[PDB]
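Remarks on the structure that follows.
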Amino acid sequence: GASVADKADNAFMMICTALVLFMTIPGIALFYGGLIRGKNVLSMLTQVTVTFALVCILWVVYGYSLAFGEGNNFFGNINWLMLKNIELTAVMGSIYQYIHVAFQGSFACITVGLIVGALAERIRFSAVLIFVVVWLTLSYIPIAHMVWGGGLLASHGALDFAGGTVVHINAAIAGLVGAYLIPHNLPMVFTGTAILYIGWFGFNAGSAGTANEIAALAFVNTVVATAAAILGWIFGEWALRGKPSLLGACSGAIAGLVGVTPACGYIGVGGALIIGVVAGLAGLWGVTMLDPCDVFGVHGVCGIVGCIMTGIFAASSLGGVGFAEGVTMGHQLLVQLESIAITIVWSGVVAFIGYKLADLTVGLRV
Amino acid sequence: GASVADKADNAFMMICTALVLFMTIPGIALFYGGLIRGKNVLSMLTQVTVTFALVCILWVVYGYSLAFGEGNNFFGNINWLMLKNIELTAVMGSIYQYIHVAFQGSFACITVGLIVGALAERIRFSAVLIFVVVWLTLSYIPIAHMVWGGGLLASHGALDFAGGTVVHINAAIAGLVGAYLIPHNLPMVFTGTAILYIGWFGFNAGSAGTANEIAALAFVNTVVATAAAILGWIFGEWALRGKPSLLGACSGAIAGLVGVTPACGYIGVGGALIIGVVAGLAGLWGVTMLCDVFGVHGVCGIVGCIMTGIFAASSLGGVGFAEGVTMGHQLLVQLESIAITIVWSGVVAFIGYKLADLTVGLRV
Amino acid sequence: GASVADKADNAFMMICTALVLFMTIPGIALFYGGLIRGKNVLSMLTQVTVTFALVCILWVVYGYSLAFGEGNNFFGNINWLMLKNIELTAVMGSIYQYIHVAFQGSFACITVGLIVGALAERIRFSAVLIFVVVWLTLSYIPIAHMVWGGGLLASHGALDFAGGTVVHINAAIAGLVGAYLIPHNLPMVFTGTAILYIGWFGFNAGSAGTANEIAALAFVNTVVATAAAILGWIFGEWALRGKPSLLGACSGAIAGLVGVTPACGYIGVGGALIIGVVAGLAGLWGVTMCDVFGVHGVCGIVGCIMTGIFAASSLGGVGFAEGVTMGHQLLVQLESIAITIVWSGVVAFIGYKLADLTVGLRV
Ligand SMILES: CCCCCCCCC/C=C\CCCCCCC(=O)OC[C@@H](COP(=O)(O)OC[C@H](O)CO)OC(=O)CCCC/C=C/CCCCCCCCC
């Protein structure tokens, strides 16, 4: 018979949605606001706000359909615009589907906000807008379809709870391609980081789709992995430089959050402590190797770390929820690696195409 | 049988309530804080905090009762002070009534915060406090009764989901009457605007009273109408001045949110995109013509109340008018509701300011 | 049969938890950030962030178990580390127990954040870290066990809904002992205060454990008591100094919130108005006589006392337990306050000293 929405789940997920919107408006905007040069802040805030608005529109017009509708292994469909095929009472899992639409839309928003906040007043605004349309449509959307919309990576049992590939790796490589082709308020950075943290609970727990024990797990693991990464990074920084800094504390937080994103509803809390530690160190490594586009280093490295570790610590003998029936750790790690690899290439190529199309049309300079 | 509270609804509504309190403390305070002259900030923040407190007290003493209790077409009652007739387990709709008390009390708070943040250190504080008491009691309270408490406008089938009349038009007119009778931190304005946005999800979806498909519709329409307005305003501003600004982006956001407030749980998402666009442009128009903040709440409030009477129609993607109601009749009711709201609040604001003027005077 | 989690309660309590984490990160950090000297902000924010992280780790390792597991009247146990005895589906009250772990963990975090934000760049960081480990383990944890974990004060029917003893008095005394042994952005203070306020709805209503009428009561009483304290303080300050200030408005808010913390799900809304007024004035008195600790301490004591009066049904509260008189209940409230003060005074002393003798408390 018909799916019926559970009101507790509706409630949960609307609030989670509002918490993820919070992480863009104003979370990410304040994070970049205190990182970039003061002469550029007003214009950065405006470009995050405007592209946020743009993403919201594109999402309901066609983006939700092309990401989550029936299609092939790579794309959904645009058979219906503006949510027209979706009755107001339609249910997806245990919530009204409209709530699923907003929740997933808020994901596209933070993902784009991440990129846009770094590239603002480096590439011309015109060129950001063309990049956003191209890359959302042809990278974000299909990669979401592949991982969460029944496409290719989902059909091979890829594990990515809340978006190590779809959000983090995806965006990291778009930013780095953009960076290749080209701090004044630290309390403001702390504030953004803090907002990003609180919001991420909606991100990570809400990705369970219901207020059940998987969301609880995801919640607890977020707390733990973030804390362990803060300490991971901070100890690494004390060692490497003799003093620990506020920006190091914040970066570590971000590193654990990223690292735990793919893993959070699949692993045990011991797992999460380990993932956090490693992610915190790997992120300190990443930036040290490599300019606000260091942010992409952390999303990228820690995204890869977290997608790998999900394939280990999901195992029931390590405290995780368990692999799917008949799956071995070695097989699963192979699928995690293939998923990472495909995500990197796909987004590299699409980012390239988007930037060039912008360059040849309006140019990338100010 | 007895009404039974649904715990999911309770949960939803307590979180929505906290989100709407958020939009006053600190949302609206930070929004005005970066708009007004620096020499006036500390005193503005204090007055918003104090009057917020005052509203909370008046609300539980008599305000909730006079707004939502059985009365007239215009007022409820004050038969019981301090929620005394309300058992702890009493249920209103699908939630404990105490939650309905806090939710609606947070609405009075943001409404007043709106007015107070603009009038701080223009009219003396004494006079703000007299104005607040008079106008909350005699404008906010009866207009809420008329629209959401079974009074006059609700009995004619007026559509106003979350307060285009009650909050926006009502407050716009009080502010403008106050303005007639008399920008240093733009990142702070962004922050306030952002908090106002996040909170507004509690405002708008919470006005459904339950975590159902109407709250979901309200949620999605808020996302969409805000985004469309941001763009609406921003494209208008690029045209009119050659450059788009951060303050324009934020104003657009506010315009869509105001515009979608009355409409949000009655219209379809296509409707919401249209409303947002128009509300964004109408708000850019409003300020350009011209406490500009009141221009936007007022013009966009009127825009949204009108458009609710169109796009609520099933053939336009809305939830549908009540049985036997035509679009033309419904538009007529929307207009009557707007008209009555403007006069009622204009007259009561006048009375409140004068009473303050004649008692303490309206400066230093 | 087995306890089954109610999903609405899960949802409610995960959100409440996030709201309490919010009060530390960034709430308390911004509150202290605008109070302390500018030269010290960056380092204060770092120390709050790091000790927050530390508390989260210690909590899941052993702290939750030692606070809420079966033990004696004072401590739980550490029979299992890292939540190992807790199945993912285990239920505590009407929620998954993992949610209870996070909710109570976020309490330990704000309690510590309160202390750490005041002592940062006064006492060396080394010494803060030793103090935190000692005092969380030996003061926060057993006092939570005693009040909410079935220990001594709970078995005598002590009333403390959301932590007038456990959080406020406990932390006040640790801070004052620390202060004895040793404002540049007022809008930032307002912001922190506002975040602390919003977060406190999760603190206070969430302490009911479920989205029911007790959480509703707790919610409403938080609105009302905070408002009444704002006014209480502000009228007191106008009188005492001729002008009311933004910092006074914020301090009053904090005073009503502290005051109403123990009382909030036991008293009626008339009770809450009175508690707020008194707490606002008692806090203005306290500071007038690390002033932050004065307010948490006085208003914590005020609230724990008033809980024992206004919980009475004849005053609009939910009622004392069967056979309990107001006089008996006040006696218990006093005994609880007294024990909390001495216990945390003694443990704070031990912690600071151990730090002093190991690293300095200076530089
Ligand atoms: C300030 C310096 C001086 C001190 C003043 C203190 C402040 C005033 C408050 C003082 C006392 C509270 C009143 C007593 C109630 C407490 C007992 C209580 O809980 O309730 C008392 C009851 C009467 O007994 P009951 O229980 O029915 O019989 C039981 C049984 O049936 C038997 O048969 O009702 C009232 O007294 C309600 C009185 C309402 C007062 C109006 C206030 C504001 C109106 C609008 C205007 C808004 C406010 C304007 C003024 C601030």
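Read-outs throughout are calculated quantities, based only on the coordinates presented, and are distinct from any laboratory measurement. Neighbour counts run over all protein chains shown; Cβ positions are idealised from the backbone, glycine included.
What are the radius of gyration and Dmax of the range C:225-363, computed over its Cα atoms and given in Å?
Every Cα atom of the range C:225-363 included, Rg and Dmax give 17.5, 56 Å.
Per residue, what volume in Å³ does the convex hull of the Cα atoms of the range C:256-329 enclose?
75 Å³
Wrap a convex hull around the Cα atoms of the range C:1-123, take a quarter of its surface area, and give that in square nanometres.
Seen from a random direction, the Cα hull of the range C:1-123 projects 8.8 nm² on average.
Using θ = phi - 60° and the Karplus form 6.51 cos²θ - 1.76 cosθ + 1.60, what ³J(HN,Hα) does each residue of the range C:63-68 get, whole Hz, x for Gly and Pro?
Using θ = phi - 60°, the values come out as x, 4, 4, 6, 8, 10 Hz.
Regarding chain B, what is the average projected area of its C-alpha convex hull, in nm²?
Average of the hull's projected areas for chain B equals 17.4 nm².
Starting from the Cα-Cα distance between residue C:313 and residue C:338, subtract it from 0.36 nm times their residue separation and give me the gain in nm to one decimal.
So the extension gain works out to 6.4 nm.
Whole-Hz Karplus ³J(HN,Hα) for the range B:311-316, in order, using 6.51 cos²θ - 1.76 cosθ + 1.60 and θ = phi - 60°, x for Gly and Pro?
Coupling constants for the range B:311-316: 7, 5, 5, 5, 5, 9 Hz.
In whole Hz, with x marking every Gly and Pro, tabulate ³J(HN,Hα) for the range C:149-162 from phi via Karplus 6.51 cos²θ - 1.76 cosθ + 1.60, θ = phi - 60°.
Karplus-based 3J(HN,Hα) across the range C:149-162 equals x, x, x, 4, 5, 3, 6, 9, x, 4, 9, 7, 4, 9 Hz.
Taking K and R as +1 and D and E as -1, what net charge do the other residues with C-beta under 13 Å from the C-beta of residue A:307 add up to?
Local charge sum for residue A:307: -2.
Would you kindly give the portion of the calculated P(r) for the range A:48-180 that falls above 20 Å, as a percent of all Cα pairs?
Every Cα pair in the range A:48-180 considered, those over 20 Å come to 44 percent.
What are the extents of the Cα atoms of the range C:177-293 along their three principal axes, listed from largest to smallest and rounded to whole Å?
42, 31, 28
What's the FRET efficiency of residue C:39 with residue A:328 using the Cβ-Cβ distance as r and R₀ = 45 Å, to the nearest 0.05?
0.20
Given the range B:304-356, report the % of alpha carbon pairs whose separation exceeds 17 Å.
Value for the range B:304-356 (Cα pairs over 17 Å): 47 percent.
Where in the range A:332-366 does the amide nitrogen come within less than 18 Å of the point 7 Å from the Cα of residue A:180, taken along Cα to Cβ?
Those under the cut-off are A:340-360, A:364.
Give the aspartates and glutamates whose C-alpha is closer than 16 Å to that of residue A:7, dropping any in the same chain fewer than 8 places away, or say none.
B:6, B:9, B:213, C:6, C:9
Just from the alpha-carbon atoms, what are the Rg and Dmax of the protein assembly as shown in angstroms?
Cα only, the protein assembly as shown: 27.4, 84 Å (Rg, Dmax).
For residue C:92, enumerate residues with amide H under 5 Å from its amide H, sequence gap 5+ or separate chain, H modeled in the peptide plane.
Counting only residues 5 or more places away or on other chains, the set is C:97.
Consider a paramagnetic label point 7 Å from the Cα of residue C:321 along Cα→Cβ; state which residues of the range C:225-266 have an amide N under 19 Å from it.
Within reach of a label on residue C:321, which here means backbone N under 19 Å from a point 7 Å along Cα→Cβ, the range C:225-266 contributes C:262-266.
Under 19 Å Cα to Cα from residue B:39, which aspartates and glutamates show up? Leave out anything in the same chain fewer than 8 places away.
B:121
For the range A:87-244, what is the largest minus smallest coordinate of the Cα atoms on each principal axis, given in angstrom and ordered from greatest to least?
56, 42, 31
At 222 nm, what helix-only mean residue ellipticity would the protein assembly as shown give, in deg cm²/dmol to the nearest 500, using -39500 (n - 2.57) for each DSSP H run of four or more?
-22000 deg cm²/dmol
Shielding by partners for B:42-55, please: the mean number of other protein chain Cβ atoms within 10 Å of each residue's Cβ.
Per residue, the average neighbour count from other chains is 6.
Over all directions, average the projected area of the Cα convex hull of the range B:204-246 and note it in nm².
With every direction weighted equally, the projected area is 3.3 nm².
For the range B:151-197, take N as its residue count and report Rg(C-alpha) divided by 2.2 N^0.38 Å.
1.67
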